[PDB]
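Below you'll find the structure, written out as structure tokens, and then a few comments.
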Protein chains: 4
Amino acid sequence: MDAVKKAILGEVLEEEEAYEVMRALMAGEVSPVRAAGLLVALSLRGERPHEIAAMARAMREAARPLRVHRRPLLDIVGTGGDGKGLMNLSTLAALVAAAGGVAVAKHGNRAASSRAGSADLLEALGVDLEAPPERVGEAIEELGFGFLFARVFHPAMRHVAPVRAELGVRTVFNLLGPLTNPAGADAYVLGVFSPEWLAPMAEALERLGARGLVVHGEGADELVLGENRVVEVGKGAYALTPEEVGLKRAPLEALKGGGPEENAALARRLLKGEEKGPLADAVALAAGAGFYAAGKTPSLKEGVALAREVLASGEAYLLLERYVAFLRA
Amino acid sequence: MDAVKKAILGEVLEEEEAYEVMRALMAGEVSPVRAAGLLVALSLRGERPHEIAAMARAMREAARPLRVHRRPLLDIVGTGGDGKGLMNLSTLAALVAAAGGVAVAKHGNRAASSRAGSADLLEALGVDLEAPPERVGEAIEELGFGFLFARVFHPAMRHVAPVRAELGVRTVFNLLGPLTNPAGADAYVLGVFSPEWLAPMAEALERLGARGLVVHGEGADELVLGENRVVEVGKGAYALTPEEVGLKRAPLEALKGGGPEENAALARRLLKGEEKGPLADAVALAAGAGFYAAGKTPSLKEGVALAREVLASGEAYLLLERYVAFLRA
Amino acid sequence: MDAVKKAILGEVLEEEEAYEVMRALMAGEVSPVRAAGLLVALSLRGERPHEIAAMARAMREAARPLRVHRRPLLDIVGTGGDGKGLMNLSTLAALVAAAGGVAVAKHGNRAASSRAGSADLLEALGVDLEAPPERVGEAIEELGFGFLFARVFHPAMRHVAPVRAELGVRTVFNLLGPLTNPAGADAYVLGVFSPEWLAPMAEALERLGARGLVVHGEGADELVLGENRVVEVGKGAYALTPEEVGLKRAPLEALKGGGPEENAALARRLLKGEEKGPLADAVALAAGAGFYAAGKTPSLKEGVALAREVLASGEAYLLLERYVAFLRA
Amino acid sequence: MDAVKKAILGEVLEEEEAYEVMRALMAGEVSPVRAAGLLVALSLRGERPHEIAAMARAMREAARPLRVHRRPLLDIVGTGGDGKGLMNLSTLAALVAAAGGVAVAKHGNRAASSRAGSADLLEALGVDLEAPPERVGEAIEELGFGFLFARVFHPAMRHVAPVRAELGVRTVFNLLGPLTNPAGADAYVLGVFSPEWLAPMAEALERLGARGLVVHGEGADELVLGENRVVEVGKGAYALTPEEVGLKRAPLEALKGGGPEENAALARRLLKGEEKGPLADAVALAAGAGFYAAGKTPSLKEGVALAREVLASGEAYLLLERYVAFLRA
Ligand code: NA
Ligand code: NA
């Protein structure tokens, strides 16, 4: 009985076995049926800290190599799996943070069976997702921004994706994605689908030597214009509200956005500093948290203040275009 | 919520949700990945009787139709896979019960290897496994015996066979095999893989409107010549030893079989009433349980007594001969 | 399993082995690595007609079941992979054939990534690609036309698609796509990406009990306004030119088109009988081949004549809207 | 078109395209799926010498560094997997050559079965496989012998080892193993699994600037006591029989070892100069070929004579003991 069978049988895995299971998955040695079975089994009983850590290690080792010489290196990313179906603002917040001087390496992917993933949005904005890791790394060093497409850095994710899409439920990959930034990001604004994961993911980041905030927004895996719950690595837990940082509250519905084409249009207007509603406020909130997490500003309020200025300046769109041109070289 | 997704989430399904999941599976509507996921989920958190019975009804509905007017209708069958490599005791016990006057419709299949399964044994004895359902039904009506070859009656199982093989672990389908008698048998001596399945399977039978005994014998999914554990549908669990029904104990080794021709040779001696060793005692034990389960005898003791006489008469061999000829007519 | 290794070693598979290999692939029993190895080996060695037909059967069996009474049932479909990048006219020709009185079940998919696949075009024209299989079946019975979206009918392809995309080269799946119509179409105008596949594919069609024409047009997997090469089931190989059916030749460039948006408007003008250029002639040629293949017209020229009349009448556009509305709640 | 895709398409690679493909593979830039595809394609069409040599250099470049000043430096190694399952005598022959004064750096690995790989045998004899490269290099300089454990010197093989095992068939890596000596050995007795590989591998050796003999013995990838086929770098092809060098012929079966423990026992007796049968003659034959390949003796005959003397003296066992102690120091 190999480690995969043990996992399917629902038995807790020793660190070495957890590592082996993910190594096999990343190596393309596991059939779709057994991959589906092991993911469901792990999701039912709940993956333990040592298991997640071991699987994360297997993923980092299987990743296409990339070394970025800029630090702090910020990632604004979420676990996904919240079901709220809100627009993915992390990508826009990440661009604002980069336009403000923070080195950014945002980790993202395509959305299951919607064109809404961060990778989908960026592609619609002109980003060539096929660009090699070395070119993306050069962009981060020279321009301060880079988008790390999951499938490119972790090839196996191309096969894991359909399995996750079909199962249609949360799996260990929802937790592993944020924890496996392939550029070695050390600063985070990491959103989670449930408050239960705020502390665990913050502790995971701390063990990795990373810093930042783990966030949850009234059900969504991103900061929203409401009573957000946060856990700052090394410090503790606290609430983060819009009024706290000079922003107004808005229902979650105001952050839903629309179809892929509409969101692509919204993105341009937002980055250009033309769109001014709740969507702009939410991007400013996340970017502000990013400036704080990356040490660009000493506080969240100063971070949000800077983010509002940067967003309104339209510099984030100018940066996006520099990025697009850089990759098309 | 979608029934299949609910299953994958690890939630207990309402009875008709369980029916729907199995209906979808048998209809070829579920993808291999989702089928793998929901089978693993159901197995890990444990299938409940009302789910098991509902899925058995859905599977029975997808089978090739066959209506038998005779009742009670007995089946001696098990969940299989106990890896004991025993002689086809239930097949011989079924022939004995039929020779004793009880209408029998024994459900079976081939064994995936050189070892002989019930279908392999009967084929070696002259049974034409290609006989159409209608002909087998006529045999039950006229001769009181029929063998229901799973491959002929359950074409829909081809939709899940590959997934079951690849998972490499037992699933709800192992439980459903004996609960999907295509002739609608209502009396059973149903063997299970382990003691933990005695009660759930007994309740599933009760919910299906059936009667009888669910049995387990020292690792084997059938009654053996040792300490058996049984659950009488509608009553409760109790132990069943050879001595309390007038038989002597014997090790499992004494009940081992081999290939089709070897088992056929043994079957001939046993059914003719010529071989009186442990194999004969084991057949009498299962057939006796069958007589009791069908209400032919008032007790297990009287059932075993009747079975010993029927076996010794050689009449079960005559019945087999007539059955073989009937399918060839 | 064993047959998979045999394929990887470059050996020709027996019919049963080919069926088993594809059955395993579609069932999710093959790891990405072994799937990649098998597909490359098959492609380099050269798939034989008996293998192709056997694998088509395995795929047809794994698909979401759909049975329709309408016959003859026509499909105009291609293997893709010609790298010619011409406008996919098969969809328009199919609508014309249906408007002319032939039951049509056109098999199609989205295109990576022009969004220039048949599914992409129909969606832009108003077709709800999320319609359930049963509803599409009802459309074929009631309206005489249905579009079979590969993603809906072949869910098992979800775990296979990633391997194909990563390999980035043509594989046996290019050949199987046209041979796995989920509605059981029996009449075809099947385009192939290279002349060497005309004969093998015609034999595959015959082995599957289908009829019609396998076509290739100066590099494209569709009939064009030049010297087409054809292999008709039951007749053999021959060339087919526009002039012999009353049409004028035109450069392939005239059949290109553009962006998805341009082709939607293009498609409308063609179906309404407004566009009269080479594109209209090419649609008439394919639709005409369809009428002949299905038995609606006794000759190819008569089929083209009927297609030209139908196109000019605008009835194909009315059919499209009838279909679009049919799928709406 | 990138080189990996070209390989997958079955086209012969230009020398530097082959170097690039292997460089990418060793750098972790190639996905398991594309790696699987290219390995199968290369194996089926047949790797050419210019490709093999280039890939060997790319692999050598990725290995952990190890500079040995002593020259000539001899290696006695094979491609493995011939199926004959004979005892791996190359290790013993290497020790004899070293005891005879030739600097030896024998390249080896484990044998997942019977873990009777060369590394398995040496470990059973006391060698600490965890010894760092520097220590092994010091042993070669001081003792004249060193065993290069592939897993220690080729950490980059972690990017492909999984794919190799998963494919389960021979690939170019079988050929590359003997051609990637991490100490830069320049003299060889290289065994191949089939005679068709003699000339290509001899050319690959010459291309790499190496000298020696490429051998094949009646189905085995080692010199046997029968009609051996040889291709000598800078000399050409010829047959080599035992009688030509003063040895007696013996059936292959006399050269068959046993399990790992039996081989360790036989190895001890041989090195001590105690075993005097065919196994001793076979060791002398290979060691003699090594002496000649390294330029220690003027002919194969004198090389075998020197080898028989050294073997009988027991000096090779004493060397082994010194080596084991040296590593444990
Ligand atoms: Na007798
Ligand atoms: Na005709």
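Neighbour counts are summed over all protein chains in view; Cβ atoms, including those assigned to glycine, are modelled from backbone coordinates with ideal geometry. Basis: the model, the stated rules and, where named, an outside source; these are not laboratory values.
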Task: Residue satisfying all of: in the range C:15-48; in a loop (DSSP other than H, G, I, E, B) and over 18 Å from C:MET59 (Cβ atoms); nearest to the other protein chains (Cβ to nearest Cβ) among these - done: C:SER31
TODO: Inspect all residues belonging to the range D:190-202 and state whether any of them is assigned to a helix (DSSP H, G or I), touching a helix residue (DSSP H, G or I) at 6+ places or on another chain (Cβ under 6 Å) and over 22 Å from D:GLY303 (Cβ atoms).
DONE: yes
TODO: Would you confirm whether any residue within the range D:86-104 is β-branched (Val, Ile, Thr), in a helix (DSSP H, G or I) and touching a helix residue (DSSP H, G or I) at 6+ places or on another chain (Cβ under 6 Å)?
DONE: yes
Task: So B:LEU306, is it more than 14 Å from ligand 1 (Cβ to nearest atom) and either under 24 Å from B:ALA112 (Cα atoms) or within 14 Å of another protein chain (Cβ to nearest Cβ) (or both) - done: no
Task: Checking A:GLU130 against (1) of a type in the set (D, E, K, R); (2) assigned to a loop (DSSP other than H, G, I, E, B); (3) outside the structural domain of A:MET201 (by CATH), the condition it does not meet - done: (3)
- [ ] Among what's in the range B:309-329 and is within 12 Å of ligand 1 (Cβ to nearest atom) and of a type in the set (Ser, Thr, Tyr), pick the residue that is farthest from the other protein chains (Cβ to nearest Cβ).
- [x] B:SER313
Open item on the list: Condition first: hydroxyl-bearing (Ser, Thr, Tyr) and within 17 Å of C:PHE291 (Cα to Cα). Can you find one or more residues in the range C:99-115 that meet it?
Closed with: no
Task: C:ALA103 being closer than 18 Å to C:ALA161 by Cα and either under 18 Å from the mean Cα position of the chain (by Cα) or not assigned by CATH to the domain that holds C:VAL163 (or both) - done: no
Open item on the list: Only one of B:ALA264, B:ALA286, B:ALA280, B:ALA293 is touching a helix residue (DSSP H, G or I) at 6+ places or on another chain (Cβ under 7 Å), among the small types (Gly, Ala, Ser), closer than 19 Å to B:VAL224 by Cα and more than 16 Å from ligand 1 (Cβ to nearest atom). Can you tell me which?
Closed with: B:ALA286
- [ ] Mind listing whichever residues of the range D:78-106 are over 23 Å from D:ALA329 (Cβ atoms), touching a strand residue (DSSP E or B) at 6+ places or on another chain (Cβ under 7 Å) and not β-branched (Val, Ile, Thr)?
- [x] D:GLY78, D:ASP82, D:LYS84, D:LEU86, D:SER90, D:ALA93, D:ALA97
Open item on the list: One residue is enough: does the range C:212-224 have a residue meeting the conditions more than 16 Å from ligand 2 (Cβ to nearest atom), crowded, with 20+ Cβ neighbours inside 10 Å and either farther than 27 Å from C:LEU73 by Cβ or more than 17 Å from the chain's Cα centre (by Cα) (or both)?
Closed with: no
Open item on the list: Where the second residue is loosely packed, with under 11 Cβ neighbours inside 10 Å and the first is in the same structural domain as C:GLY191 (by CATH) and lies in the range C:237-249, which pairs have Cβ atoms under 9 Å and are six or more apart or on separate chains?
Closed with: C:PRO242/C:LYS248; C:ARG249/C:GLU243
Open item on the list: With over 26 Å from C:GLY209 (Cα atoms), in the same structural domain as C:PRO178 (by CATH) and among the hydrophobic types (A, V, I, L, M, F, W, C) as the only criterion, which of C:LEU125, C:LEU92 stands out?
Closed with: C:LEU125
- [ ] Give the number of residues within the range A:151-164 that are under 21 Å from C:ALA27 (Cβ atoms) and within 14 Å of chain D (Cβ to nearest Cβ).
- [x] 6
Open item on the list: Within the range A:165-181, does at least one residue satisfy the condition of being within 14 Å of chain D (Cβ to nearest Cβ) and without any contact (Cβ under 8 Å) to a residue 60 or more places away in the chain?
Closed with: no
- [ ] Kindly provide the set of residues from the range C:296-326 that are assigned to a loop (DSSP other than H, G, I, E, B) and either more than 14 Å from ligand 2 (Cβ to nearest atom) or surrounded by 15 or more Cβ atoms within 10 Å (Cβ to Cβ) (or both), ordered by number.
- [x] C:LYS296, C:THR297, C:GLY314
- [ ] May I ask you to list pairs of residues, at least six apart or on different chains, whose Cβ atoms are under 7 Å apart, with the first in the range B:306-329 being within 11 Å of B:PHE145 (Cβ to Cβ) and in contact (Cβ under 8 Å) with a residue 60 or more places away in the chain and the second being away from ligand 2 (no atom under 16 Å from the Cβ) and among the aromatic types (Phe, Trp, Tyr)?
- [x] B:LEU319/B:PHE145; B:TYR323/B:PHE145
Open item on the list: I'd like to check something: does the range C:59-74 contain any residue that is touching a strand residue (DSSP E or B) at 6+ places or on another chain (Cβ under 9 Å) and in a helix (DSSP H, G or I)?
Closed with: no
- [ ] Search the range D:234-254 for residues being in contact with a strand residue (DSSP E or B) (Cβ under 8 Å, 6 or more places away or on another chain) and either hydrophobic (A, V, I, L, M, F, W, C) or in a loop (DSSP other than H, G, I, E, B) (or both), and hand back the single one that is surrounded by the most Cβ atoms within 10 Å (Cβ to Cβ).
- [x] D:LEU240
- [ ] Consider only pairs whose beta carbons are under 8 Å apart and that are at least six residues apart or on different chains; among these, list those whose first residue lies in the range A:282-300 and is at positive phi and whose second residue is small (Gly, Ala, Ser).
- [x] A:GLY295/A:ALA187
Open item on the list: Restricting to the range B:267-277, name every residue that is more than 11 Å from ligand 1 (Cβ to nearest atom), surrounded by fewer than 19 Cβ atoms within 10 Å (Cβ to Cβ) and within 16 Å of B:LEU121 (Cα to Cα).
Closed with: B:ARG268
Task: Unmet requirement for A:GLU138, which otherwise passes all of (1) free of Cβ contacts under 8 Å to residues at least 40 places away in the same chain; (2) touching a helix residue (DSSP H, G or I) at 6+ places or on another chain (Cβ under 8 Å); (3) among the acidic types (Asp, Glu) - done: (1)
